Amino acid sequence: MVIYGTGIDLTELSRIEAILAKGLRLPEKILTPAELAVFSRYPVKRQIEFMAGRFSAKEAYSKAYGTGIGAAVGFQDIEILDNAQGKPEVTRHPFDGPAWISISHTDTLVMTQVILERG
């Protein structure tokens, strides 16, 4: 089994918050229905960080996948939901191989990393 791709992303939470405060439909664009349902239950500070982390993770994934977000892989092709313990797993994605995701944040930043392997 070998590495197929890697991707990391560092996202400013205030850029996400600004798009959300402008009333643009960023959540519907970036999140799957299941992710959107989670986002909807959260208070604003948590909504910003969740939204930023998903954007970040899916950008990071697309870089591992090789193409960036676009015709080869879109936001709606990747789904990331926390476990009941709070652990994020790539529950849906296009790559035929293990996908590894990790996310961490402060009050101002979110950072994600993805590795894809091919067997």
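Residue indices: 1-based, along the sequence shown.
With respect to the recorded C-alpha B factors, which stretch has the higher mean value, 64-72 or 51-59?
-> So the stretch with the higher mean C-alpha B-factor is 64-72.
Which is higher on average in the deposited entry, the C-alpha temperature factors of 90-98 or of 77-85?
-> 77-85 has the higher mean C-alpha B-factor.
Which is it among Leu10, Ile103, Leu13, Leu20: the one with the largest CA B-factor in the entry?
-> That would be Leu20.
Among modelled residues of the same chain, the CA temperature factor third for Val38 | Highest third of the chain for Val38's C-alpha B-factor.
Check where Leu31 lands among this chain's C-alpha B-factors and tell me if it's the lowest, middle or highest third.
-> Middle third, going by the recorded CA B-factors of the chain.
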